Amino acid sequence: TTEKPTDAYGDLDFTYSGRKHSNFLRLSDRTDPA
Amino acid sequence: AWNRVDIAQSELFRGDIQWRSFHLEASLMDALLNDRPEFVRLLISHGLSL
């Protein structure tokens, strides 16, 4: 499988709602939890 | 319309009925035209978007 460094690290939040911004990261499988 | 929170909170939001959005929005318009602050707080508390 063609492996590449990611791009999706997010200060994610929701439109037209009151929730605080949610921290966010897209992550591959078989990675190290440390 | 009867201005009685103690019925609606304790019989209609136990979780038996999956309420949709416009079912809440029509009741919120009835609660804004009349003067019921308690129902406004109760209906916004159930995850509605303005």
# chains A, B, ... in the order shown; residues from 1 in each chain; ligands from 1
call {"tool": "residues_around", "arguments": {"residues": "stretch 4-6 of chain A", "least_positions_apart": "2", "cutoff": "10 Å", "atoms": "only C-alpha atoms", "output": "PyMOL selection string"}}
result
chain A and resi 1-2+8-9+25-28
call {"tool": "write_last_selection", "arguments": {"atoms": "N, CA, C and O atoms", "output": "PDB file, in the first residue's frame"}}
result
ATOM      1  N   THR A   1       0.821  -1.203   0.000  1.00  0.00           N
ATOM      2  CA  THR A   1       0.000   0.000   0.000  1.00  0.00           C
ATOM      3  C   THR A   1       0.859   1.259   0.000  1.00  0.00           C
ATOM      4  O   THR A   1       1.807   1.382   0.776  1.00  0.00           O
ATOM      5  N   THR A   2       0.501   2.192  -0.877  1.00  0.00           N
ATOM      6  CA  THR A   2       1.265   3.420  -1.078  1.00  0.00           C
ATOM      7  C   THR A   2       1.100   4.339   0.127  1.00  0.00           C
ATOM      8  O   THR A   2       0.059   4.983   0.287  1.00  0.00           O
ATOM      9  N   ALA A   8      -4.654  15.781   7.210  1.00  0.00           N
ATOM     10  CA  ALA A   8      -5.895  16.069   7.925  1.00  0.00           C
ATOM     11  C   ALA A   8      -5.624  16.035   9.422  1.00  0.00           C
ATOM     12  O   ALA A   8      -5.835  15.017  10.087  1.00  0.00           O
ATOM     13  N   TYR A   9      -5.149  17.157   9.940  1.00  0.00           N
ATOM     14  CA  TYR A   9      -5.100  17.428  11.366  1.00  0.00           C
ATOM     15  C   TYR A   9      -5.959  18.663  11.601  1.00  0.00           C
ATOM     16  O   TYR A   9      -5.764  19.692  10.950  1.00  0.00           O
ATOM     17  N   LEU A  25      -7.648  14.463  14.281  1.00  0.00           N
ATOM     18  CA  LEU A  25      -6.546  13.935  13.489  1.00  0.00           C
ATOM     19  C   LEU A  25      -7.003  12.692  12.744  1.00  0.00           C
ATOM     20  O   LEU A  25      -7.618  11.803  13.338  1.00  0.00           O
ATOM     21  N   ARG A  26      -6.695  12.637  11.452  1.00  0.00           N
ATOM     22  CA  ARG A  26      -6.827  11.429  10.652  1.00  0.00           C
ATOM     23  C   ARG A  26      -5.569  10.596  10.849  1.00  0.00           C
ATOM     24  O   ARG A  26      -4.458  11.131  10.819  1.00  0.00           O
ATOM     25  N   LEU A  27      -5.745   9.298  11.062  1.00  0.00           N
ATOM     26  CA  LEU A  27      -4.637   8.436  11.434  1.00  0.00           C
ATOM     27  C   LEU A  27      -4.728   7.123  10.677  1.00  0.00           C
ATOM     28  O   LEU A  27      -5.815   6.602  10.426  1.00  0.00           O
ATOM     29  N   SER A  28      -3.572   6.592  10.305  1.00  0.00           N
ATOM     30  CA  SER A  28      -3.531   5.306   9.638  1.00  0.00           C
ATOM     31  C   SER A  28      -3.559   4.173  10.655  1.00  0.00           C
ATOM     32  O   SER A  28      -3.205   4.336  11.823  1.00  0.00           O
TER      33      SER A  28
END
call {"tool": "interface_residues", "arguments": {"of": "chain A", "to": "chain B", "cutoff": "10 Å", "atoms": "only C-alpha atoms", "output": "count of residues only"}}
result
4
call {"tool": "atom_distance", "arguments": {"atom1": "atom CA of residue B:37", "atom2": "atom CA of residue B:17"}}
result
23.6 Å
call {"tool": "residues_around", "arguments": {"residues": "stretch 22-27 of chain B", "least_positions_apart": "3", "cutoff": "12 Å", "atoms": "only C-alpha atoms", "output": "list in words"}}
result
residues 1, 8, 12, 13, 17, 18, 19, 30, 31, 32, 33, 34, 36, 39, 40, 42, 43, 44, 45, 46, 47, 48, 49 and 50 of chain B
call {"tool": "atom_distance", "arguments": {"atom1": "atom CA of residue B:7", "atom2": "atom CA of residue B:29"}}
result
19.1 Å
call {"tool": "select_by_dssp", "arguments": {"residues": "chain A", "states": "strand (DSSP E or B)", "output": "count of residues only"}}
result
8
call {"tool": "atom_distance", "arguments": {"atom1": "atom CA of residue B:35", "atom2": "atom CA of residue B:9"}}
result
17.8 Å
call {"tool": "select_by_dssp", "arguments": {"residues": "chain B", "states": "helix (DSSP H, G or I)", "output": "list in words"}}
result
residues 5, 6, 7, 8, 9, 10, 11, 12, 21, 22, 23, 24, 25, 26, 27, 28, 29, 30, 31, 32, 33, 37, 38, 39, 40, 41, 42, 43 and 44 of chain B
call {"tool": "write_last_selection", "arguments": {"atoms": "N, CA, C and O atoms", "output": "compact mmCIF listing (two decimals), in the first residue's frame"}}
result
# COMPACT_ATOMS: atom_id res chain seq x y z
N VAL B 5 -44.81 22.66 32.84
CA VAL B 5 -43.58 21.96 32.48
C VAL B 5 -43.56 20.56 33.07
O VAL B 5 -43.10 19.61 32.42
N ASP B 6 -44.12 20.39 34.28
CA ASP B 6 -43.97 19.18 35.06
C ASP B 6 -44.67 17.98 34.44
O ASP B 6 -44.41 16.84 34.85
N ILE B 7 -45.55 18.21 33.47
CA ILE B 7 -46.11 17.12 32.69
C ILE B 7 -45.20 16.79 31.52
O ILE B 7 -44.86 15.62 31.28
N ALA B 8 -44.76 17.82 30.79
CA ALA B 8 -44.06 17.61 29.53
C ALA B 8 -42.67 17.05 29.73
O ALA B 8 -42.23 16.18 28.97
N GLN B 9 -41.96 17.55 30.75
CA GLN B 9 -40.61 17.06 31.04
C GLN B 9 -40.65 15.60 31.47
O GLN B 9 -39.79 14.80 31.07
N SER B 10 -41.65 15.24 32.26
CA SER B 10 -41.66 13.97 32.95
C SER B 10 -42.49 12.91 32.25
O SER B 10 -42.61 11.80 32.77
N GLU B 11 -43.08 13.23 31.10
CA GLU B 11 -43.82 12.23 30.35
C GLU B 11 -43.49 12.19 28.87
O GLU B 11 -43.80 11.19 28.21
N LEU B 12 -42.86 13.23 28.32
CA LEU B 12 -42.63 13.31 26.89
C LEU B 12 -41.17 13.40 26.51
O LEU B 12 -40.87 13.54 25.32
N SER B 21 -37.11 17.15 14.43
CA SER B 21 -36.73 18.54 14.66
C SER B 21 -37.92 19.48 14.56
O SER B 21 -38.16 20.29 15.45
N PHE B 22 -38.68 19.38 13.46
CA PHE B 22 -39.78 20.32 13.24
C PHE B 22 -40.93 20.10 14.21
O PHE B 22 -41.74 21.02 14.42
N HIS B 23 -41.02 18.91 14.83
CA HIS B 23 -41.92 18.72 15.96
C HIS B 23 -41.54 19.61 17.13
O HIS B 23 -42.41 20.09 17.86
N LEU B 24 -40.24 19.83 17.34
CA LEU B 24 -39.82 20.74 18.39
C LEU B 24 -39.92 22.20 17.97
O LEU B 24 -40.26 23.04 18.80
N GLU B 25 -39.63 22.50 16.70
CA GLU B 25 -39.59 23.88 16.25
C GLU B 25 -40.97 24.52 16.25
O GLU B 25 -41.09 25.72 16.53
N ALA B 26 -42.01 23.76 15.93
CA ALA B 26 -43.36 24.31 15.96
C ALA B 26 -43.79 24.61 17.39
O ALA B 26 -44.42 25.65 17.66
N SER B 27 -43.43 23.74 18.33
CA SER B 27 -43.71 23.98 19.74
C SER B 27 -42.90 25.13 20.29
O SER B 27 -43.37 25.83 21.20
N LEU B 28 -41.70 25.35 19.77
CA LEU B 28 -40.89 26.47 20.23
C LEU B 28 -41.46 27.79 19.73
O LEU B 28 -41.38 28.81 20.43
N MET B 29 -42.04 27.80 18.53
CA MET B 29 -42.75 28.99 18.07
C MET B 29 -43.99 29.26 18.89
O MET B 29 -44.33 30.43 19.12
N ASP B 30 -44.68 28.22 19.34
CA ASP B 30 -45.79 28.43 20.26
C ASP B 30 -45.31 28.93 21.61
O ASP B 30 -46.04 29.65 22.31
N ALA B 31 -44.08 28.58 22.00
CA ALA B 31 -43.52 29.02 23.27
C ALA B 31 -42.89 30.40 23.20
O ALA B 31 -42.69 31.02 24.25
N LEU B 32 -42.58 30.89 22.01
CA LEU B 32 -42.04 32.24 21.86
C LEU B 32 -43.12 33.28 21.64
O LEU B 32 -42.96 34.42 22.07
N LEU B 33 -44.21 32.92 20.96
CA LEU B 33 -45.30 33.88 20.80
C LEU B 33 -46.01 34.12 22.11
O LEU B 33 -46.34 35.26 22.45
N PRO B 37 -40.85 31.20 29.58
CA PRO B 37 -39.39 31.05 29.58
C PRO B 37 -38.94 29.63 29.88
O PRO B 37 -37.87 29.21 29.40
N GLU B 38 -39.72 28.89 30.66
CA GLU B 38 -39.29 27.57 31.10
C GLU B 38 -39.32 26.57 29.95
O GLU B 38 -38.43 25.72 29.85
N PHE B 39 -40.32 26.67 29.08
CA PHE B 39 -40.37 25.77 27.93
C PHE B 39 -39.32 26.12 26.90
O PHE B 39 -38.86 25.23 26.18
N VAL B 40 -38.93 27.39 26.80
CA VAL B 40 -37.88 27.78 25.86
C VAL B 40 -36.56 27.16 26.28
O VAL B 40 -35.84 26.58 25.46
N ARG B 41 -36.25 27.22 27.58
CA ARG B 41 -35.04 26.59 28.09
C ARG B 41 -35.09 25.08 27.93
O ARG B 41 -34.07 24.44 27.62
N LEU B 42 -36.28 24.50 28.09
CA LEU B 42 -36.42 23.05 28.01
C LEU B 42 -36.27 22.55 26.58
O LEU B 42 -35.74 21.45 26.36
N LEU B 43 -36.73 23.33 25.60
CA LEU B 43 -36.67 22.87 24.22
C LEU B 43 -35.32 23.13 23.58
O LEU B 43 -34.91 22.35 22.71
N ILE B 44 -34.62 24.20 23.97
CA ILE B 44 -33.27 24.42 23.46
C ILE B 44 -32.32 23.39 24.05
O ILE B 44 -31.36 22.95 23.39
